[PDB]
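Chemist: Input: one structure, supplied below.
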2 protein chains.
Amino acid sequence: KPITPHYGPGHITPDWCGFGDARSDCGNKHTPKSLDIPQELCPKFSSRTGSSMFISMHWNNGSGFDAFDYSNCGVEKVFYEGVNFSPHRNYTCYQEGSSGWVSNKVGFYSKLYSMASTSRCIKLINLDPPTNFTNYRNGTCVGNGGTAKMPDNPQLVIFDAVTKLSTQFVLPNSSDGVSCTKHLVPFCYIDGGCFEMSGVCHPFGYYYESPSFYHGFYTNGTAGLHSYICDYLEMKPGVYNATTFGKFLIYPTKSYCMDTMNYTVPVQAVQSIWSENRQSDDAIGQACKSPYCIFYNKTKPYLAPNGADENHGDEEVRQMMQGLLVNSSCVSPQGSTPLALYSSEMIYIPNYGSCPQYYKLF
Amino acid sequence: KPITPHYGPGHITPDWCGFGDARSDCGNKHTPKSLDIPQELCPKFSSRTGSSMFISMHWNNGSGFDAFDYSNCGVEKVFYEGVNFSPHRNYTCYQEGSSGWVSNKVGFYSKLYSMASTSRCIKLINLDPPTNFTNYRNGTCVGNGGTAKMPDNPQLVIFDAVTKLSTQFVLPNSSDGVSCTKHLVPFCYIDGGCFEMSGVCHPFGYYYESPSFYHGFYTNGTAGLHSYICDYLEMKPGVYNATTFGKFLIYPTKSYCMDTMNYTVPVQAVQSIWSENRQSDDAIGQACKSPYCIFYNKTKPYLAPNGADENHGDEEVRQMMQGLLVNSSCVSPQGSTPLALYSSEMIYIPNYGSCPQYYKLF
Ligand SMILES: CO[C@]1(C(=O)O)C[C@H](OC(C)=O)[C@@H](NC(C)=O)[C@H]([C@H](O)[C@H](O)COC(C)=O)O1
Ligand SMILES: CO[C@]1(C(=O)O)C[C@H](OC(C)=O)[C@@H](NC(C)=O)[C@H]([C@H](O)[C@H](O)COC(C)=O)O1
Ligand SMILES: *[C@@H]1O[C@H](CO)[C@@H](O)[C@H](O)[C@H]1NC(C)=O
Ligand SMILES: *[C@@H]1O[C@H](CO)[C@@H](O)[C@H](O)[C@H]1NC(C)=O
Ligand SMILES: *[C@@H]1O[C@H](CO)[C@@H](O)[C@H](O)[C@H]1NC(C)=O
Ligand SMILES: *[C@@H]1O[C@H](CO)[C@@H](O)[C@H](O)[C@H]1NC(C)=O
Ligand SMILES: *[C@@H]1O[C@H](CO)[C@@H](O)[C@H](O)[C@H]1NC(C)=O
Ligand SMILES: *[C@@H]1O[C@H](CO)[C@@H](O)[C@H](O)[C@H]1NC(C)=O
Ligand SMILES: *[C@@H]1O[C@H](CO)[C@@H](O)[C@H](O)[C@H]1NC(C)=O
Ligand SMILES: *[C@@H]1O[C@H](CO)[C@@H](O)[C@H](O)[C@H]1NC(C)=O
Ligand SMILES: *[C@@H]1O[C@H](CO)[C@@H](O)[C@H](O)[C@H]1NC(C)=O
Ligand SMILES: *[C@@H]1O[C@H](CO)[C@@H](O)[C@H](O)[C@H]1NC(C)=O
């Protein structure tokens with residue numbers, strides 16, 4: 001008798017973990033009303049209310065960002081966070097705007113998901129400060145009247161005068177138990193031609209370099225609309241330099257330390273949005289693509305009649321997350337299944353485990 | 001009764017294609033003795049003797065390179081070429097050496113395979129020349145006593161004097177029937193500090209730029225060992241600029257035009273090596289990784305007792321390629337299968353179609 005796949009995330013072995021926010025945080029005071037997952041699964045998630053893996057990449061606690069030291073391990077992974085950086089946040093650093101930050105948001109989540117698929121542990125870590133330099137200013141945002149905090153990672157600096165400089169930062173091989181066989185490191189820049197400071201238009205740019213690596217940005221065109229853009233990089237542990245072109249420089253202060261597993265396993269991401277009376281985005285949906293990530297989209301609006309509030313407790317997702325209670329045998333875009341011979345609908349890729357074949361073929 | 005998967009490439013639907021070299025070229029005079037595939041499958045392959053998709057990316061006919069206008073379409077793809085650029089070629093442009101070109105080789109094949117997995121057609125195309133410029137030299141190799149041809153793509157140029165310049169190149173939306181919804185474009189540079197020309201050490205670097213794109217390289221350190229390194233880029237059709245920092249500039253003269261299909265399907269690559277009395281590399285094996293590419297490695301040496309010569313006709317691969325004669329129902333790392341209920345061994349990912357489950361689970 002053919003089994004119907006249960007739409008939502010699953011796991012085939014005890015060795016899975018989740019990553020999330022308030023909707024998976026049993027430390028939040030509204031528990032279990034604010035959950036979108038089963039309560040006995042909280043210990044499998046690494047989650048903090050108000051945070052997201054995107055925020056935590058860029059900011060420390062402060063100026064409205066709630067940061068979190070995300071850390072977990074699992075062959076199989078369930079990602080359910082992101083909404084805490086949506087257009088609703090109304091953030092911008094220069095003139096990139098919200099849509100500009102949806103662009104950054106996709107870039108990050110795209111890199112994280114694909115890197116995660118070849119990893120078991122993911123650990124946000126603090127990098128040691130670079131070799132000291134002097135006569136410098138930290139970068140600042142003009143966005144939101146100068147109240148928008150430019151990220152703590154990567155850290156921007158501005159030299160009082162044009163200068164020749166290269167500075168050393170370290171991406172470690174390990175962080176307290178975990179192996180960092182690779183790192184997810186942000187490289188952000190401001191585009192749109194030369195950058196105006198005190199009536200002088202300086203060429204904007206700098207680079208990450210080492211003997212086996214290079215990533216850079218440069219511009220000295222006619223000034224126009226400036227955008228704070230981020231690239232997200234896979235960098236191997238080791239010693240790197242950050243080099244200026246004269247006036248500007250960034251160094252990373254944080255990375256996502258990740259190890260490596262030989263068998264690659266698609267991650268799972270569930271849609272993280274707000275109620276309809278708040279601006280959401282489809283970054284997760286755009287970032288979580290085949291074949292490295294399995295996307296479970298919400299068909300309905302965010303509706304929580306039995307939750308703590310209109311944004312915490314959604315019926316749809318609660319139903320999806322029910323699948324993480326059963327030791328499944330197949331994890332697919334169509335959902336999870338137990339070990340069975342036939343299926344009620346075609347299983348498509350990316351999948352893994354042992355999946356039933358479509359009955360109508362037999 | 002459980003079926004054993006046939007180790008090697010397969011196809012589930014008539015809509016597959018191959019990409020290859022002499023070992024899949026029915027135009028070569030040694031046919032069918034020099035083939036590694038079934039002869040009636042030649043019409044499915046796009047192949048030229050002595051060529052490879054890596055060579056064709058970088059060179060026109062001449063100076064020992066045999067170029068080919070590779071072009072094919074298929075939901076499912078079988079890649080079997082590469083050996084015509086192995087360490088055996090003894091090529092180098094600067095001091096990167098053979099291993100340096102194995103590095104370039106991995107980069108290309110890695111990008112091609114993953115891009116191909118989201119495409120149906122792959123077409124090598126010629127780009128229109130950039131807006132004219134003057135007082136310039138084409139770049140040249142020092143490697144092999146100045147007899148090594150620096151690639152025709154991307155084209156390097158050197159300005160007689162330090163200059164401000166930006167030049168326009170076009171990545172088209174279509175090429176005679178096919179849609180180029182994306183392009184695979186090479187961006188190559190020479191690293192190792194400032195570049196010595198006529199007793200002056202110039203900063204080496206330049207960039208590709210547009211309003212929605214940037215890729216660059218720069219260096220002005222102490223001169224050391226110079227290496228010609230390539231990055232391989234996914235760029236959308238449109239108008240781009242190539243900008244210099246003063247002395248150097250590259251523009252692309254070719255790209256791989258590719259369209260987009262919504263369902264992503266892992267490609268298949270078979271090991272392309274020489275006989276043991278020739279230096280091969282494992283670029284294909286390194287480039288063809290899960291989950292975007294399925295690798296069929298050779299367990300044996302290249303042995304062709306019934307071929308045209310020690311390098312054309314291999315027994316092992318000939319046996320693998322037998323699987324492309326049957327309309328399979330499952331394509332896996334373990335090989336192809338027909339539609340069956342059970343399998344003699346565990347099917348692992350990346351796979352696609354409808355695959356039998358491991359008997360020992362039942
Ligand atoms: C502090 O005032 C200024 C300055 O003259 O330095 C004015 C300057 O704004 C003007 C009037 O051009 C502003 N730059 C830009 C491009 O918006 C510029 C930057 O916002 C500020 O210097 C911080 O820059 C970076 C890189 O973080 O700040
Ligand atoms: C033609 O002679 C020279 C020159 O003085 O211009 C000598 C120069 O070699 C010496 C003696 O430093 C060579 N540069 C390098 C780094 O090897 C340099 C380059 O090989 C040549 O200019 C081509 O350069 C590029 C970018 O293709 O060529
Ligand atoms: C931020 O502060 C909260 C309490 O406000 C605390 O639980 C947490 O440790 C902090 N986050 C980080 C990343 O330090
Ligand atoms: C962001 O702005 C919109 C309208 O512009 C508003 O509805 C929303 O409450 C604002 N959000 C915050 C957190 O201030
Ligand atoms: C800039 O910020 C860094 C990191 O947050 C901090 O350690 C340093 O004190 C700041 N420097 C200046 C000059 O404000
Ligand atoms: C940068 O651009 C400005 C305006 O085009 C020019 O005057 C200045 O000399 C340039 N600087 C460099 C280093 O090219
Ligand atoms: C996900 O769901 C929403 C609402 O149905 C839809 O608007 C959006 O386009 C979907 N995105 C993806 C990537 O499936
Ligand atoms: C190179 O020349 C061969 C014959 O030597 C010819 O078949 C082919 O068209 C040429 N290749 C390209 C890419 O023009
Ligand atoms: C490349 O060099 C090796 C030995 O250095 C030699 O065996 C081989 O024949 C050379 N290949 C060519 C094509 O000249
Ligand atoms: C440089 O090479 C290009 C492309 O092969 C060619 O069209 C041009 O004539 C060459 N220019 C010079 C100055 O040698
Ligand atoms: C490049 O480096 C050399 C040697 O360090 C220096 O003399 C020269 O002025 C530099 N040029 C630029 C544009 O930084
Ligand atoms: C492929 O096969 C050769 C010979 O058995 C081996 O040396 C090589 O490491 C293999 N590489 C991969 C990626 O499987």
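Labels used: A, B, ... for chains in the order of the structure tokens, numbers from 1 for residues in each chain, and numbers from 1 for ligands as shown.
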Applying 6 Å and only C-alpha atoms, which residues near segment 243-248 of chain B remain after dropping the ones on its own chain fewer than 6 positions away? List them as a list in words.
Modeler: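 Final neighbour list, sorted by chain and number: residues 157, 158, 159, 162, 163, 165, 166, 206 and 207 of chain B.
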Chemist: Using N, CA and C atoms, can you write the selected residues to a file as a JSON list (two decimals), in the first residue's frame?
Modeler:
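Output (result13.json):
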```
[["chain", "number", "residue", "atom", "x", "y", "z"],
["B", 157, "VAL", "N", 46.07, 42.41, -22.98],
["B", 157, "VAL", "CA", 46.73, 43.50, -23.68],
["B", 157, "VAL", "C", 47.55, 44.36, -22.72],
["B", 158, "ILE", "N", 48.56, 45.03, -23.28],
["B", 158, "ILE", "CA", 49.48, 45.88, -22.53],
["B", 158, "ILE", "C", 49.61, 47.23, -23.21],
["B", 159, "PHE", "N", 49.26, 48.29, -22.49],
["B", 159, "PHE", "CA", 49.31, 49.64, -23.04],
["B", 159, "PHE", "C", 50.72, 50.23, -23.00],
["B", 162, "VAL", "N", 51.17, 54.06, -19.18],
["B", 162, "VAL", "CA", 50.14, 54.00, -18.15],
["B", 162, "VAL", "C", 48.90, 54.75, -18.62],
["B", 163, "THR", "N", 47.73, 54.15, -18.45],
["B", 163, "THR", "CA", 46.50, 54.73, -19.00],
["B", 163, "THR", "C", 45.20, 54.49, -18.22],
["B", 165, "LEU", "N", 41.43, 53.61, -18.84],
["B", 165, "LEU", "CA", 40.66, 53.00, -19.92],
["B", 165, "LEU", "C", 39.64, 51.99, -19.44],
["B", 166, "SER", "N", 38.48, 52.04, -20.07],
["B", 166, "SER", "CA", 37.42, 51.10, -19.84],
["B", 166, "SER", "C", 36.87, 50.75, -21.22],
["B", 206, "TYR", "N", 43.40, 44.35, -13.24],
["B", 206, "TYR", "CA", 42.32, 44.85, -14.07],
["B", 206, "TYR", "C", 41.03, 44.22, -13.56],
["B", 207, "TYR", "N", 39.89, 44.57, -14.14],
["B", 207, "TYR", "CA", 38.61, 44.02, -13.68],
["B", 207, "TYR", "C", 37.50, 44.00, -14.72]]
```
Chemist: Which residues are near ligand 4 - at most 8 Å, using only C-alpha atoms and all ligand atoms? Format: as JSON, numbers by chain.
Modeler: {"A": [87, 88, 89, 90, 277, 278, 279]}
Chemist: Let me see the file: selected residues, C-alpha atoms, as a compact mmCIF listing (two decimals), in the first residue's frame.
Modeler:
```txt
# COMPACT_ATOMS: atom_id res chain seq x y z
CA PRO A 87 12.54 44.18 4.58
CA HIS A 88 10.46 44.84 7.71
CA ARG A 89 13.71 45.76 9.44
CA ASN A 90 13.80 48.88 7.20
CA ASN A 277 1.03 42.82 7.83
CA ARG A 278 4.84 42.97 7.67
CA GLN A 279 7.25 43.06 4.71
```
Chemist: Write out as number ranges by chain each polymer residue whose atoms come within 7 Å of segment 338-353 of chain A, counting only C-alpha atoms; drop sequence neighbours fewer than 3 positions from it.
Modeler: A: 1-4, 12, 266, 290-291, 294, 328-334, 356-359; B: 349, 352
Chemist: Could I get the residue neighbourhood of ligand 3 at 7 Å, counting only C-alpha atoms and all ligand atoms, as a ChimeraX atom specification?
Modeler: /A:60-61,66-69
Chemist: Would you put the residues from that selection into a file with N, CA and C atoms, as a PDB file, in the first residue's frame?
Modeler:
```pdb
ATOM      1  N   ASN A  60      27.370  42.220  16.255  1.00  0.00           N
ATOM      2  CA  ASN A  60      27.285  41.874  17.661  1.00  0.00           C
ATOM      3  C   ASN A  60      25.963  42.406  18.201  1.00  0.00           C
ATOM      4  N   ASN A  61      25.590  41.983  19.413  1.00  0.00           N
ATOM      5  CA  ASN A  61      24.491  42.614  20.144  1.00  0.00           C
ATOM      6  C   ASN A  61      24.606  44.140  20.103  1.00  0.00           C
ATOM      7  N   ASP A  66      20.064  41.467  17.529  1.00  0.00           N
ATOM      8  CA  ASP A  66      20.281  40.441  18.532  1.00  0.00           C
ATOM      9  C   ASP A  66      21.128  39.350  17.906  1.00  0.00           C
ATOM     10  N   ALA A  67      22.387  39.281  18.326  1.00  0.00           N
ATOM     11  CA  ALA A  67      23.333  38.306  17.792  1.00  0.00           C
ATOM     12  C   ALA A  67      23.310  37.004  18.597  1.00  0.00           C
ATOM     13  N   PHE A  68      23.780  35.920  17.984  1.00  0.00           N
ATOM     14  CA  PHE A  68      23.813  34.615  18.639  1.00  0.00           C
ATOM     15  C   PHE A  68      24.944  33.729  18.126  1.00  0.00           C
ATOM     16  N   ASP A  69      25.651  33.107  19.065  1.00  0.00           N
ATOM     17  CA  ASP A  69      26.718  32.160  18.758  1.00  0.00           C
ATOM     18  C   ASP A  69      26.168  30.801  18.306  1.00  0.00           C
TER      19      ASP A  69
END
```
Chemist: Give me the residues near segment 138-154 of chain A as an MDAnalysis selection string, where near means some atom within 10 Å (using only C-alpha atoms) and where sequence neighbours in that chain fewer than 4 positions away do not count.
Modeler: chainID A and resid 55:65 90:97 126:127 158:159 185:189 228 230 248:255
Chemist: Could those selected residues go to a file with C-alpha atoms, as a compact mmCIF listing (two decimals), in the first residue's frame?
Modeler:
```txt
# COMPACT_ATOMS: atom_id res chain seq x y z
CA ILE A 55 22.56 38.77 11.55
CA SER A 56 25.09 36.80 13.61
CA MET A 57 27.47 36.74 10.64
CA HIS A 58 27.55 40.57 10.53
CA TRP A 59 26.66 42.07 13.95
CA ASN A 60 27.29 41.87 17.66
CA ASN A 61 24.49 42.61 20.14
CA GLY A 62 23.44 46.26 19.91
CA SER A 63 21.68 48.93 17.84
CA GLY A 64 18.65 46.66 17.40
CA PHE A 65 20.49 43.50 16.31
CA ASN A 90 13.80 48.88 7.20
CA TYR A 91 17.62 48.75 7.30
CA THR A 92 20.08 50.31 4.88
CA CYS A 93 23.73 51.39 5.24
CA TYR A 94 24.13 53.42 2.08
CA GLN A 95 21.63 53.72 -0.81
CA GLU A 96 21.33 49.96 -1.44
CA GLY A 97 17.99 49.93 0.37
CA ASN A 126 35.38 35.13 16.79
CA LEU A 127 38.62 35.81 14.92
CA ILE A 158 39.42 54.55 6.98
CA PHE A 159 42.98 55.87 7.15
CA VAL A 185 33.87 34.75 5.60
CA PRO A 186 32.11 37.97 4.50
CA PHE A 187 33.75 40.40 2.09
CA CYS A 188 31.68 43.58 1.81
CA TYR A 189 32.24 46.78 -0.18
CA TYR A 228 26.93 48.22 0.57
CA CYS A 230 28.54 41.59 0.45
CA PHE A 248 39.98 52.02 2.96
CA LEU A 249 40.32 48.52 4.46
CA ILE A 250 38.20 45.67 5.89
CA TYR A 251 39.14 42.66 7.99
CA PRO A 252 36.92 39.80 9.14
CA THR A 253 36.19 39.65 12.89
CA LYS A 254 34.01 36.54 12.67
CA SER A 255 33.58 33.45 10.50
```
Chemist: As a quick test: using only C-alpha atoms and all ligand atoms, which residues lie no more than 9 Å away from ligand 12? Give them as a ChimeraX atom specification.
Modeler: /B:271,281-289,295-301
Chemist: Would you mind exporting N, CA and C atoms of the selected residues as a CSV table (one decimal), in the first residue's frame?
Modeler:
```csv
chain,number,residue,atom,x,y,z
B,271,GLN,N,36.3,9.3,-16.4
B,271,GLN,CA,37.7,9.6,-16.3
B,271,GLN,C,38.4,9.7,-17.7
B,281,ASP,N,46.4,13.6,-15.0
B,281,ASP,CA,46.0,14.3,-13.8
B,281,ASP,C,44.6,13.8,-13.3
B,282,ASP,N,44.2,14.2,-12.1
B,282,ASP,CA,42.9,13.8,-11.7
B,282,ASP,C,41.9,15.0,-11.6
B,283,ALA,N,42.1,15.9,-12.6
B,283,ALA,CA,41.3,17.1,-12.6
B,283,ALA,C,39.8,16.8,-12.7
B,284,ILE,N,39.4,15.9,-13.6
B,284,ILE,CA,38.0,15.5,-13.7
B,284,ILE,C,37.5,14.9,-12.4
B,285,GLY,N,38.3,14.0,-11.8
B,285,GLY,CA,37.9,13.4,-10.5
B,285,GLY,C,37.8,14.5,-9.4
B,286,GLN,N,38.5,15.5,-9.5
B,286,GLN,CA,38.5,16.6,-8.5
B,286,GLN,C,37.4,17.6,-8.8
B,287,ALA,N,37.1,17.8,-10.1
B,287,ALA,CA,36.1,18.7,-10.6
B,287,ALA,C,34.7,18.2,-10.5
B,288,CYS,N,34.6,16.9,-10.8
B,288,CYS,CA,33.3,16.2,-10.8
B,288,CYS,C,32.8,15.7,-9.5
B,289,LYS,N,32.3,16.6,-8.6
B,289,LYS,CA,31.9,16.2,-7.3
B,289,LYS,C,30.4,16.2,-7.1
B,295,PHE,N,30.7,11.1,-10.9
B,295,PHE,CA,32.0,10.6,-11.4
B,295,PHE,C,32.1,9.1,-11.5
B,296,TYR,N,32.4,8.7,-12.8
B,296,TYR,CA,32.8,7.3,-13.0
B,296,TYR,C,34.3,7.3,-13.3
B,297,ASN,N,35.0,6.9,-12.2
B,297,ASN,CA,36.4,6.7,-12.2
B,297,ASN,C,36.9,5.4,-12.9
B,298,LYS,N,38.0,5.4,-13.5
B,298,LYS,CA,38.7,4.2,-14.0
B,298,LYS,C,39.4,3.5,-12.8
B,299,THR,N,39.1,2.3,-12.6
B,299,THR,CA,39.8,1.5,-11.6
B,299,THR,C,41.1,0.9,-12.2
B,300,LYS,N,41.1,0.6,-13.5
B,300,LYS,CA,42.2,0.1,-14.2
B,300,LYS,C,43.1,1.2,-14.8
B,301,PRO,N,44.3,0.8,-15.3
B,301,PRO,CA,45.0,1.7,-16.2
B,301,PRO,C,44.4,1.8,-17.6
```
